[PDB]
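Asks: Quick one: structure below, then a few questions.
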Amino acid sequence: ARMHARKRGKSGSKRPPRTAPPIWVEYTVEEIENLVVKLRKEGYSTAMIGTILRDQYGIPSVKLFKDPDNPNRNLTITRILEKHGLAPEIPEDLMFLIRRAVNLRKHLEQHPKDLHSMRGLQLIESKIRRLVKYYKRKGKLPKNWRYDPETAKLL
Amino acid sequence: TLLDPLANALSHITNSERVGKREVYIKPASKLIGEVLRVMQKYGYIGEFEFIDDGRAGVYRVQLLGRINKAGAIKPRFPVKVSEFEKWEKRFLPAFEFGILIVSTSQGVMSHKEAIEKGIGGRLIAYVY
Amino acid sequence: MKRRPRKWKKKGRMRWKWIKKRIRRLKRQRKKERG
Amino acid sequence: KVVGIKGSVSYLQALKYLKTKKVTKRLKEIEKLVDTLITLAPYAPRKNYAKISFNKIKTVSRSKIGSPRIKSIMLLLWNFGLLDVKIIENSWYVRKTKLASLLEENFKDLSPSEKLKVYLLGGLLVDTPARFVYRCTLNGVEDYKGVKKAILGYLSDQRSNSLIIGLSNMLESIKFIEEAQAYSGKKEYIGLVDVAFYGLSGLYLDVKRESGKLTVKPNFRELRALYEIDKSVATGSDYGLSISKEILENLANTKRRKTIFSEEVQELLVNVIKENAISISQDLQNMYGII
Amino acid sequence: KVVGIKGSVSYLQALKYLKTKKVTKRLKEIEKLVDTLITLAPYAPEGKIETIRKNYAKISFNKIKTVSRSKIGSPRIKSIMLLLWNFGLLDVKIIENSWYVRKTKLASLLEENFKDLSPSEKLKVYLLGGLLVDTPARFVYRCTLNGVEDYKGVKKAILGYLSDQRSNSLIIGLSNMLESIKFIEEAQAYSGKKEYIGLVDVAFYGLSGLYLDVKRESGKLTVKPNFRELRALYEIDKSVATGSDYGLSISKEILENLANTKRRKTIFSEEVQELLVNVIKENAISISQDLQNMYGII
Amino acid sequence: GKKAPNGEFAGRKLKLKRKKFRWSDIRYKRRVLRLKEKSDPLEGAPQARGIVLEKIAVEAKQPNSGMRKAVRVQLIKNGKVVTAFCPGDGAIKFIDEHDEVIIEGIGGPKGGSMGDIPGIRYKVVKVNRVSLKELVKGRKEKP
RNA sequence: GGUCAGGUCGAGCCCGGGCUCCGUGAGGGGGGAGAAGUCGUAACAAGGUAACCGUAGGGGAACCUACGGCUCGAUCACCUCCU
RNA sequence: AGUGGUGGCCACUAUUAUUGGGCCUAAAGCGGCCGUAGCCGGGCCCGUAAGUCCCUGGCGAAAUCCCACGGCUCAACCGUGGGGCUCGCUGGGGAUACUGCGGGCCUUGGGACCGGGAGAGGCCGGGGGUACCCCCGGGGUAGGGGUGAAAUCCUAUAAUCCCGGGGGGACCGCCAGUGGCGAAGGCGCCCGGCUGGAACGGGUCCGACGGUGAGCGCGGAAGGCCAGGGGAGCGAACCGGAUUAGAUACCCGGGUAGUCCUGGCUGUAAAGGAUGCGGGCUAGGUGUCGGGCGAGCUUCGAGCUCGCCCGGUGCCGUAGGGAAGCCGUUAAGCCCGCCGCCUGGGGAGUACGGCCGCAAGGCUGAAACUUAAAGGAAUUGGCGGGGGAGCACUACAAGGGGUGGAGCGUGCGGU
RNA sequence: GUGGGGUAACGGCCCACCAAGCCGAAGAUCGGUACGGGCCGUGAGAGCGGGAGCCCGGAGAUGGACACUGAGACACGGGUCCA
């Protein structure tokens with residue numbers, strides 16, 4: 001994470017170059033479909049869904065399995081949650097950032113003098129706005145959609 | 001942020017050479033990079049090379065033969081017609097035909113001497129001698 | 001008012017701080033009598 | 001805008017003791033304060049002024065005096081025309097007028113009380129705001145409403161140009177002094193007219209607060225004493241105000257009041273006034289005139 | 001005493017865009033600031049030094065911020081507040097370092113009539129309403145009509161108008177403008193140094209936002225009229241005879257130019273024009289005593 | 001960092017950058033704004049005609065010591081007053097008060113002063129339309 | 001082709017204003033080389049109170065002192081790295 | 001048969017730098033961070049042909065220019081013939097490598113989640129802490145204080161000093177380190193609450209979402225300023241004592257603003273690593289900090305020793321750089337992207353002007369004229385009212401004689 | 001934009017009406033500066049600087065302003081006024 005903290009720390013994580021999924025996965029594409037719809041039915045976003053699936057269920061990655069409905073695409077959790085109407089409208093990361101934004105703005109309301117968190121607010125707001133600008137360049141949001149603290153409160 | 005594979009590749013090659021190691025592993029491997037690696041190998045400046053599917057971007061493994069005085073990437077992709085190569089050759093070579101230039105042309109990226117023989121201009125990408 | 005570091009070496013010179021302050025006092029009086 | 005001062009409504013009231021030989025701590029405090037300001041004022045015979053940082057110019061005398069007192073004395077000095085003052089919002093500037101440096105160098109060797117009294121009388125002599133209030137007393141004013149009527153009369157003659165600024169400011173002050181007295185029984189603030197009544201109080205008048213009002217009475221012996229000198233050099237318009245027969249007669253029929261100062265002081269002051277009447281008049285126009 | 005603003009001497013130069021429909025970020029901040037100030041100002045008639053600080057509103061400028069999380073300079077706020085006071089919309093008193101503001105009854109009336117109207121035209125109607133009723137606005141307006149082009153005519157007009165005692169509704173305010181003129185025109189007429197804004201200046205502005213154009217680059221602030229609109233404004237002023245003429249009439253030279261013009265577009269649409277006309281005609285005497293309080297002794 | 005920009009589509013700002021810094025030098029800015037041509041007392045002329053008023057001798061700057069002769073002249077072209085150095089031996093003897101003269105620049109560094117004389121920017125070449133040098137040699141005769 | 005009525009183009013002249021350019025012009029400061037006059041000892045060796053910077057005041061001047069910072073700092077020595 | 005002097009223009013000049021310049025010490029990186037346009041941008045598949053390239057028609061007029069030939073005796077000049085001249089444009093055909101544009105794939109960059117660990121990360125409520133000053137009660141006589149000496153000053157209406165008790169305001173010792181954290185200035189007493197994050201381990205997610213930033217925006221040491229409170233000590237100014245030829249100082253005795261809390265302004269510093277930031281490469285040796293892993297120890301607390309991996313922090317150091325100082329994987333070596341700055345020295349950070357700030361001031365900012373150097377690094381000597389070591393007789397400590405007072409011999413100055 | 005006028009001719013060139021546009025940080029507006037090209041001087045070249053002498057195009061007849069003759073004109077060697 002260098003883009004603001006400017007520290008080149010490497011806590012990233014690695015995936016081996018496997019092209020076909022391994023054999024020891026005793027579940028099939030429909031079974032992982034059943035489990036992922038169960039999981040998101042239980043109220044989890046993609047990151048925690050995939051973590052627990054690779055953790056307790058053991059399947060290393062759903063990206064190693066090819067979507068039946070398209071030969072060129074490798075199956076992903078987001079696509080599956082899009083299949084059944086369980087993907088979210090506002091992309092998950094940005095919803096999280098809005099939630100943290102309203103959180104910090106409240107704490108800041110009851111605490112004006114901590115300019116350190118003023119700067120933090122400035123940071124997280126540039127973050128959300130960059131993500132939103134990008135997604136506008138892609139068009140997965142309504143074009144009139146634009147940040148407001150108050151609707152974030154409604155969020 | 002990594003932005004240009006080729007320049008990092010050729011710089012990495014030269015920095016291996018002035019030490020003079022044997023094996024180099026260009027992490028940013030691309031199809032155009034492989035074509036380039038073919039180019040000077042057809043003048044044996046390098047030994048064999050191989051592609052390795054790393055699952056992310058490929059990695060090229062290359063042996064050196066200790067015959068690269070300097071191998072730089074002309075970054076601003078100057079387009080040049082046939083009749084004026086001697087100016088650009090003199091821009092990047094020590095002596096008359098002392099090494100090569102790699103030009104991207106309508107047919108496919110490769111060296112400059114043949115491109116004069118075939119009489120097709122192009123876009124300079126790299127020089128080496 | 002972007003002070004040159006070269007002027008801070010006291011060789012053949014008066015301490016820069018005080019020359020700066022002198023220029024400021026002169027500025028004060030001149031702007032005053034102007035208006 | 002609201003040129004008013006707090007918590008000092010009686011501070012100048014002490015000034016009554018000027019005419020009498022007694023002196024109290026507040027009186028000498030006032031004398032040193034006015035000396036400090038008057039010497040602080042530049043004088044060239046927004047380009048010839050000086051800014052008054054109260055925190056800075058209150059330790060000049062190792063006293064720690066209240067700012068409202070300094071504001072009040074500044075207002076007084078302006079009223080008596082010895083000091084040119086301008087007020088950028090929350091800021092004060094000072095400049096020495098022509099009368100100052102015509103009284104200072106001349107009459108520096110007297111007692112502090114003598115210097116204060118001669119300054120105030122000098123302000124009285126010439127058509128200053130003080131001269132207007134004094135002629136108003138000669139007409140028989142005793143309350144702010146009387147001055148309201150007097151100035152309202154004076155502005156509608158088209159001779160008020162030389163002083164229109166001062167009376168405009170006085171009326172502005174009155175617009176809220178009336179509030180501070182008419183319904184407000186507790187006089188929280190002071191105003192220009194109050195300051196003008198003081199200074200005269202220490203010269204020839206009596207001032208008594210009355211539940212907000214500033215009820216005023218004259219002293220006819222001393223009033224006559226100063227009236228003779230006023231007649232001695234009449235280099236100031238009466239503002240077309242009529243001295244009432246009651247006051248003119250009361251000035252008569254009494255044991256002759258002494259010269260309030262030494263006769264040499266009086267004649268020398270008369271001299272310097274006559275010898276500079278024009279320059280002081282022009283300066284005063286600049287203070288209050290318009291054309 | 002002197003009243004005026006430093007630094008922002010050109011900030012109201014952008015008000016002239018109101019005549020046309022050019023749109024600018026400067027104006028975009030201007031009118032939003034105007035109606036924010038109108039919002040925070042309360043209407044508690046009352047009025048007394050104790051009434052101020054109780055039923056007036058303190059202004060801390062630092063909190064007053066744009067919708068950008070980028071602040072707005074103080075002198076601009078000061079200038080705009082002084083301006084829209086000068087047009088009778090506010091009542092502002094300056095106790096040191098704490099300016100206290102309250103709504104005039106014209107405020108919370110023009111607003112109430114026009115809540116769902118465009119911002120630029122909202123500001124326009126505020127200006128016209130201020131001009132129509134007895135304010136210094138009307139004074140400088142009729143001064144323009146008489147053929148006054150700079151401060152000099154304003155000063156002479158003031159001296160004449162105070163020469164009646166009928167100048168009692170708007171005496172004290174006019175005196176304030178006189179003082180500002182006295183201390184400003186000197187540096188704005190001799191040595192031509194341009195660093196402060198007088199009440200004569202800001203008065204010329206707004207009108208320049210309505211129907212004037214002011215050439216500043218002379219040391220002075222010399223202004224010329226726009227007869228095209230001035231016919232419409234003369235019409236609407238005579239439509240509601242609720243502000244006096246101040247005993248100064250239009251010179252024939254202006255009148256003939258006024259008659260010559262074609263029919264300029266009404267400053268607004270006609271329905272809002274008549275709504276303004278009849279609401280101002282309503283509560284005529286009440287606004288008269290309100291302006292009497294604000295700018296008159298009795 | 002690397003000198004920038006250098007790209008295919010960045011020529012505009014590189015050009016702007018160099019135009020900006022082209023103001024950094026002195027000679028180009030002096031040429032374009034024509035500073036000499038509004039400060040020049042010679043009005044760009046290699047040689048100018050003048051009338052002399054007074055003879056003045058000066059002391060060489062230290063450590064060089066020596067009494068250098070020169071004259072002060074008013075220009076016929078415009079009327080400014082300027083001093084011209086007299087080179088040679090016994091030169092001042094030929095020149096006298098109220099003499100027509102022709103004068104050029106001293107050829108100092110950037111045209112400035114030369115050597116051991118201070119600020120003097122000019123030397124005479126002809127006096128009364130007769131060249132100085134031969135009178136210094138004495139081959140000709142002053143009129 | 002002359003005289004008058006209307007319309008148009010349009011220099012040249014009077015009055016008012018703004019703009020800038022040039023000349024002179026009492027009076028005021030600072031800039032810079034000269035060698036001597038004279039007040040001082042400020043910095044450089046710890047330059048004799050280490051030196052310098054930022055802010056404020058004072059002093060005839062170099063300056064002095066107030067607080068935050070710096071090694072373009074020294075005097076072994078110094079906690080103590082290395083040895 | 002021209003040469004000399006002056007003036008102006010290109011080269012000299014990589015001192016205008018795309019080819020092809022510098023910014024730690026020589027002038028040159030803003031104090032820090034955010035980000036708009038602009039510029040530069042990971043790879044794979046399909047298309048396009050806008051750029052890019054090859055061929056082809058019209059056109060870019062002449063004279064000047066290069067070349068062969070012919071005439072003028074040769075030449076220059078002219079003619080005949082061939083070339084390209086800024087050549088910028090335009091019709092048409094083909095190529096698709098890359099750049100552009102459109103459709104799809106991928107994560108490696110980047111962002112996102114999740115688990116323990118770390119820390120002067122903050123704001124907030126409480127609790128203390130030692131020390132100091134004042135005050136009260138007791139004891140106690142006869143001074144204390146301060147300096148090189150003293151003095152001023154406090155004190156016998158009991159001073160200095162000891163015990164008891166009360167008030168007050170600041171500050172949070174040793175633990176402290178070449179710890180930690182912070183974007184920077186900066187941040188340390190204990191507990192509880194609120195918030196910001198970072199590294200480490202997992203790619204579970206997104207799919208280039210980037211990098212830089214003109215214009216913009218934010219907080220930002222001391223000091224100063226506006227309003228209010230507070231004002232233990234310290235201490236600008238000021239007032240005394242002392243030192244001196246002189247003291248406007250250094251020392252000492254006091255003492256105002258200040259230094260503290262509240263709200264706002266002011267936007268500054270040797271804010272210096274005198275080093276703008278992001279990516280790729282590059283011998284090593286070693287420590288600590290922190291996270292993870294593996295061994296050994298264990299009174300069983302990741303509590304103690306060793307190896308490795310990652311990030312931060314040094315020190316030494318190969319190659320390599322550089323005038324040298326020195327640097328050197330934490331670059332000041334070699335490549336890629338962006339921004340700013342610099343163009344001899346003074347004049348000068350000044351004049352005018354603009355904008356900002358209540359003000360002191362801030363942010364932009366020349367010219368004339370004057371100069372041959374200024375400046376940087378290191379070498380030798382010299383010097384230090386620097387530092388170590390060692391010498392005694394032209395020195396000193398122990399010890400010892402005697403000059404200078406009187407007269408004369410003789411010398412030097414003096415007359 | 002609608003509809004006309006006059007012109008050799010299209011057009012806001014003009015005129016009556018109807019609308020609110022159009023340009024500017026890939027720098028309008030304003031000022032300083034200046035005929036444009038073929039070219040020429042210099043340089044190893046990248047480039048830098050300049051448009052005097054011939055040819056091509058543009059503009060003028062002391063400054064302004066306005067007509068007649070005419071295919072062609074506001075006409076250096078034709079006309080009228082103003083300065």
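Every chain in the structure tokens has a letter given in the order shown (A, B, ...), and although residue numbers restart at 1 in each chain, ligands are simply numbered from 1 in the order shown.
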Please identify all residues of chain B having at least one atom at most 10 Å from any atom of chain A, considering only C-alpha atoms, and return them as a PDB file with C-alpha atoms, in the first residue's frame.
Replies:
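Written file, out05.pdb:
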```pdb
ATOM      1  CA  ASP B  53       3.818 -19.734 -17.985  1.00  0.00           C
ATOM      2  CA  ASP B  54       3.819 -18.177 -14.515  1.00  0.00           C
ATOM      3  CA  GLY B  55       0.020 -17.913 -14.423  1.00  0.00           C
ATOM      4  CA  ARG B  56       0.209 -14.102 -14.258  1.00  0.00           C
TER       5      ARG B  56
END
```
Asks: Just need the residues of chain I within 12 Å of chain E, counting only C-alpha atoms (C1' of nucleotides), so spit them out as a ChimeraX atom specification.
Replies: /I:20-22
Asks: As a VMD selection string, which residues of range 32-198 of chain D does DSSP assign to alpha helix (DSSP H)?
Replies: chain D and resid 32 to 40 67 to 79 112 to 125 129 to 139 144 to 154 164 to 182 192 to 198
Asks: Take the residues just selected and output them with C-alpha atoms as a compact mmCIF listing (two decimals), in the first residue's frame.
Replies:
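The result, written out as result-v4.txt:
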```
# COMPACT_ATOMS: atom_id res chain seq x y z
CA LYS D 32 -1.15 60.78 32.57
CA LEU D 33 -3.34 58.83 30.16
CA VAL D 34 -4.12 61.90 28.10
CA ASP D 35 -0.44 62.85 28.13
CA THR D 36 0.43 59.39 26.82
CA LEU D 37 -2.06 59.56 23.99
CA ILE D 38 -1.36 63.16 23.04
CA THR D 39 2.38 62.57 22.81
CA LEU D 40 1.74 59.31 20.96
CA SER D 67 -9.35 49.39 27.62
CA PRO D 68 -12.81 50.99 28.01
CA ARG D 69 -11.19 53.82 29.90
CA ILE D 70 -8.76 54.38 27.03
CA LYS D 71 -11.62 54.32 24.55
CA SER D 72 -13.49 56.87 26.63
CA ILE D 73 -10.61 59.28 26.91
CA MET D 74 -9.99 58.98 23.18
CA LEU D 75 -13.60 59.90 22.55
CA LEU D 76 -13.26 62.86 24.89
CA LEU D 77 -10.13 64.11 23.18
CA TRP D 78 -11.91 63.93 19.86
CA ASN D 79 -14.97 65.74 21.19
CA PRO D 112 -1.27 68.65 35.15
CA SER D 113 -4.64 70.03 36.19
CA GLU D 114 -3.77 73.37 34.60
CA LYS D 115 -2.80 71.67 31.34
CA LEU D 116 -5.99 69.64 31.26
CA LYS D 117 -8.14 72.68 31.94
CA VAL D 118 -6.44 74.82 29.32
CA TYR D 119 -6.83 72.05 26.74
CA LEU D 120 -10.53 71.73 27.43
CA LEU D 121 -11.10 75.48 27.31
CA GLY D 122 -9.17 75.71 24.06
CA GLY D 123 -11.50 73.10 22.63
CA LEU D 124 -14.39 75.21 23.88
CA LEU D 125 -13.17 78.39 22.21
CA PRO D 129 -18.46 69.76 18.88
CA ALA D 130 -17.73 71.08 22.36
CA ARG D 131 -18.51 74.63 21.28
CA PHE D 132 -21.80 73.37 19.90
CA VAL D 133 -22.78 71.71 23.16
CA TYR D 134 -21.73 74.83 25.06
CA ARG D 135 -23.81 77.12 22.86
CA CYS D 136 -26.61 74.60 23.35
CA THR D 137 -26.28 75.13 27.09
CA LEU D 138 -26.39 78.86 26.44
CA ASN D 139 -29.68 78.19 24.68
CA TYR D 144 -30.37 64.65 25.25
CA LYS D 145 -33.74 65.52 23.75
CA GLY D 146 -32.78 69.17 23.81
CA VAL D 147 -29.67 68.43 21.79
CA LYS D 148 -31.75 66.29 19.43
CA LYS D 149 -33.98 69.29 18.80
CA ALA D 150 -31.02 71.64 18.50
CA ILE D 151 -29.12 69.58 15.95
CA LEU D 152 -32.30 68.81 14.03
CA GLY D 153 -32.78 72.55 13.77
CA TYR D 154 -29.19 73.12 12.76
CA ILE D 164 -22.03 68.20 9.65
CA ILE D 165 -19.91 65.12 10.30
CA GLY D 166 -19.76 65.64 14.03
CA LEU D 167 -23.45 66.27 14.52
CA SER D 168 -24.31 63.36 12.25
CA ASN D 169 -22.27 61.10 14.51
CA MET D 170 -23.83 62.66 17.59
CA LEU D 171 -27.31 61.95 16.27
CA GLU D 172 -26.26 58.41 15.47
CA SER D 173 -25.07 57.97 19.04
CA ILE D 174 -28.27 59.53 20.35
CA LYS D 175 -30.36 57.03 18.42
CA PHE D 176 -29.19 54.35 20.87
CA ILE D 177 -28.46 56.50 23.91
CA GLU D 178 -32.19 57.23 23.94
CA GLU D 179 -32.77 53.48 24.06
CA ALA D 180 -30.13 53.13 26.78
CA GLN D 181 -32.05 55.67 28.88
CA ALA D 182 -35.68 55.98 27.79
CA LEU D 192 -20.72 60.88 22.67
CA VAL D 193 -23.10 63.38 24.26
CA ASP D 194 -22.26 61.99 27.69
CA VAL D 195 -18.57 62.46 27.02
CA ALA D 196 -19.23 66.02 25.89
CA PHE D 197 -21.16 66.75 29.08
CA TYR D 198 -18.17 65.54 30.99
```
Asks: Env of residue 383 in chain H: 12 Å cut, atoms = only C-alpha atoms (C1' of nucleotides), seq-sep filter 4 positions within chain, self excluded. Answer as a VMD selection string.
Replies: chain G and resid 44 to 45 47
Asks: Kindly save the residues from that selection, with C-alpha atoms (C1' of nucleotides) included, as a PDB file, in the first residue's frame.
Replies:
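Generated output (again_33.pdb):
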```pdb
ATOM      1  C1'   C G  44      36.987  33.597  11.339  1.00  0.00           C
ATOM      2  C1'   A G  45      41.200  29.401  15.903  1.00  0.00           C
ATOM      3  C1'   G G  47      37.643  34.958  17.210  1.00  0.00           C
TER       4        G G  47
END
```
Asks: DSSP on the backbone: what in range 54-286 of chain E comes out strand (DSSP E), as a ChimeraX atom specification?
Replies: /E:57-59,90-95,98-103,196-197,212-214,223-225
Asks: Near residue 23 in chain H, counting only C-alpha atoms (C1' of nucleotides), which residues have an atom at most 10 Å away, once you skip same-chain residues fewer than 5 positions from it, shown as a PDB file with N, CA, C and O atoms (P, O5', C5', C4', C3', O3' and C1' of nucleotides), in the first residue's frame?
Replies:
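The file below, part33.pdb, is the result:
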```pdb
ATOM      1  P     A H  28      21.238  27.382  -3.795  1.00  0.00           P
ATOM      2  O5'   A H  28      20.146  26.890  -4.836  1.00  0.00           O
ATOM      3  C5'   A H  28      19.026  27.701  -5.147  1.00  0.00           C
ATOM      4  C4'   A H  28      18.456  27.340  -6.491  1.00  0.00           C
ATOM      5  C3'   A H  28      17.820  25.970  -6.553  1.00  0.00           C
ATOM      6  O3'   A H  28      16.485  26.010  -6.108  1.00  0.00           O
ATOM      7  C1'   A H  28      19.259  26.279  -8.414  1.00  0.00           C
ATOM      8  P     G H  29      16.109  25.305  -4.731  1.00  0.00           P
ATOM      9  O5'   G H  29      16.275  23.778  -5.089  1.00  0.00           O
ATOM     10  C5'   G H  29      15.234  23.104  -5.762  1.00  0.00           C
ATOM     11  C4'   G H  29      14.189  22.659  -4.783  1.00  0.00           C
ATOM     12  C3'   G H  29      14.757  21.940  -3.577  1.00  0.00           C
ATOM     13  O3'   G H  29      14.140  22.361  -2.349  1.00  0.00           O
ATOM     14  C1'   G H  29      13.470  20.420  -4.964  1.00  0.00           C
ATOM     15  P     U H 275      17.411  18.491   1.789  1.00  0.00           P
ATOM     16  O5'   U H 275      17.678  17.609   0.490  1.00  0.00           O
ATOM     17  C5'   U H 275      16.967  17.849  -0.722  1.00  0.00           C
ATOM     18  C4'   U H 275      17.164  16.736  -1.721  1.00  0.00           C
ATOM     19  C3'   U H 275      16.409  15.445  -1.408  1.00  0.00           C
ATOM     20  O3'   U H 275      16.140  14.730  -2.611  1.00  0.00           O
ATOM     21  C1'   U H 275      18.693  15.000  -1.430  1.00  0.00           C
ATOM     22  P     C H 341       8.534  26.503 -11.817  1.00  0.00           P
ATOM     23  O5'   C H 341      10.020  26.509 -11.249  1.00  0.00           O
ATOM     24  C5'   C H 341      10.252  26.823  -9.886  1.00  0.00           C
ATOM     25  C4'   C H 341      11.633  26.436  -9.424  1.00  0.00           C
ATOM     26  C3'   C H 341      12.777  27.006 -10.221  1.00  0.00           C
ATOM     27  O3'   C H 341      13.007  28.363  -9.941  1.00  0.00           O
ATOM     28  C1'   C H 341      13.204  24.750  -9.797  1.00  0.00           C
ATOM     29  P     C H 342      13.507  29.318 -11.111  1.00  0.00           P
ATOM     30  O5'   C H 342      15.021  28.896 -11.301  1.00  0.00           O
ATOM     31  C5'   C H 342      15.912  28.939 -10.202  1.00  0.00           C
ATOM     32  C4'   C H 342      17.294  28.508 -10.603  1.00  0.00           C
ATOM     33  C3'   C H 342      17.823  29.159 -11.857  1.00  0.00           C
ATOM     34  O3'   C H 342      18.352  30.433 -11.580  1.00  0.00           O
ATOM     35  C1'   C H 342      18.219  26.831 -11.945  1.00  0.00           C
TER      36        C H 342
END
```
Asks: Using only C-alpha atoms (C1' of nucleotides), which protein or nucleic acid residues come within 10 Å of residue 147 in chain A? Drop anything in the same chain fewer than 5 positions from it, and give the result as a PyMOL selection string.
Replies: chain A and resi 98+125+128-129+132+152
Asks: Neighbours of residue 75 in chain G within 9 Å (only C-alpha atoms (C1' of nucleotides); same-chain residues fewer than 2 positions away dropped), as a PyMOL selection string?
Replies: (chain G and resi 46+77) or (chain H and resi 386-387)
Asks: Name the closest residue to chain D among the candidates H:58, H:116, H:258, H:215; distances are taken between atoms, counting only C-alpha atoms (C1' of nucleotides).
Replies: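 Of the candidates, the smallest distance to chain D is held by H:258.
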Asks: Would you pick out the contacts of residue 31 in chain C at 12 Å or less, using only C-alpha atoms (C1' of nucleotides), so that residues sharing its chain but fewer than 6 positions from it are not included, and give the list as a PyMOL selection string?
Replies: (chain C and resi 24-25) or (chain D and resi 46-48)
Asks: Define the interface residues of chain A facing chain H as those within 6 Å, counting only C-alpha atoms (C1' of nucleotides), and report them as an mmCIF file with N, CA, C and O atoms, in the first residue's frame.
Replies:
```
data_model
loop_
_atom_site.group_PDB
_atom_site.id
_atom_site.type_symbol
_atom_site.label_atom_id
_atom_site.label_comp_id
_atom_site.auth_asym_id
_atom_site.auth_seq_id
_atom_site.Cartn_x
_atom_site.Cartn_y
_atom_site.Cartn_z
ATOM 1 N N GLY A 9 5.417 -1.913 1.751
ATOM 2 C CA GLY A 9 5.254 -3.186 2.427
ATOM 3 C C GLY A 9 4.533 -4.185 1.542
ATOM 4 O O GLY A 9 3.635 -3.831 0.776
ATOM 5 N N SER A 13 -0.491 -11.860 -1.143
ATOM 6 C CA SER A 13 -0.679 -13.292 -0.997
ATOM 7 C C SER A 13 -0.718 -13.949 -2.367
ATOM 8 O O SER A 13 -1.154 -13.346 -3.349
ATOM 9 N N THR A 46 -18.702 -10.659 -0.793
ATOM 10 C CA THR A 46 -17.899 -11.613 -1.554
ATOM 11 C C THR A 46 -16.620 -11.996 -0.836
ATOM 12 O O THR A 46 -16.213 -13.161 -0.882
ATOM 13 N N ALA A 47 -15.951 -11.033 -0.205
ATOM 14 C CA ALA A 47 -14.668 -11.327 0.419
ATOM 15 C C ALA A 47 -14.808 -12.410 1.479
ATOM 16 O O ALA A 47 -14.085 -13.410 1.463
ATOM 17 N N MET A 48 -15.759 -12.247 2.393
ATOM 18 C CA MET A 48 -15.902 -13.235 3.454
ATOM 19 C C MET A 48 -16.490 -14.544 2.939
ATOM 20 O O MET A 48 -16.108 -15.619 3.424
ATOM 21 N N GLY A 50 -15.830 -15.909 0.006
ATOM 22 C CA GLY A 50 -14.721 -16.647 -0.564
ATOM 23 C C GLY A 50 -13.729 -17.108 0.485
ATOM 24 O O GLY A 50 -13.173 -18.206 0.382
ATOM 25 N N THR A 51 -13.468 -16.272 1.491
ATOM 26 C CA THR A 51 -12.553 -16.689 2.546
ATOM 27 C C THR A 51 -13.050 -17.953 3.221
ATOM 28 O O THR A 51 -12.300 -18.924 3.352
ATOM 29 N N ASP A 93 -17.032 -2.818 -2.030
ATOM 30 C CA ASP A 93 -15.991 -1.985 -1.451
ATOM 31 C C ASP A 93 -16.491 -0.567 -1.223
ATOM 32 O O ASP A 93 -16.298 0.008 -0.146
ATOM 33 N N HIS A 111 -16.192 15.319 17.949
ATOM 34 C CA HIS A 111 -14.787 15.605 18.241
ATOM 35 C C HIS A 111 -14.205 16.488 17.144
ATOM 36 O O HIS A 111 -13.696 15.978 16.138
ATOM 37 N N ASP A 114 -9.631 16.973 16.453
ATOM 38 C CA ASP A 114 -8.666 15.959 16.032
ATOM 39 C C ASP A 114 -8.484 16.171 14.537
ATOM 40 O O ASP A 114 -9.142 15.547 13.707
ATOM 41 N N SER A 117 -7.898 13.043 12.236
ATOM 42 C CA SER A 117 -9.036 12.425 11.581
ATOM 43 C C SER A 117 -9.674 13.334 10.540
ATOM 44 O O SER A 117 -10.323 12.829 9.625
ATOM 45 N N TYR A 134 -13.982 6.184 -11.509
ATOM 46 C CA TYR A 134 -13.642 5.032 -12.330
ATOM 47 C C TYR A 134 -14.894 4.302 -12.780
ATOM 48 O O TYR A 134 -15.103 4.081 -13.978
#
```
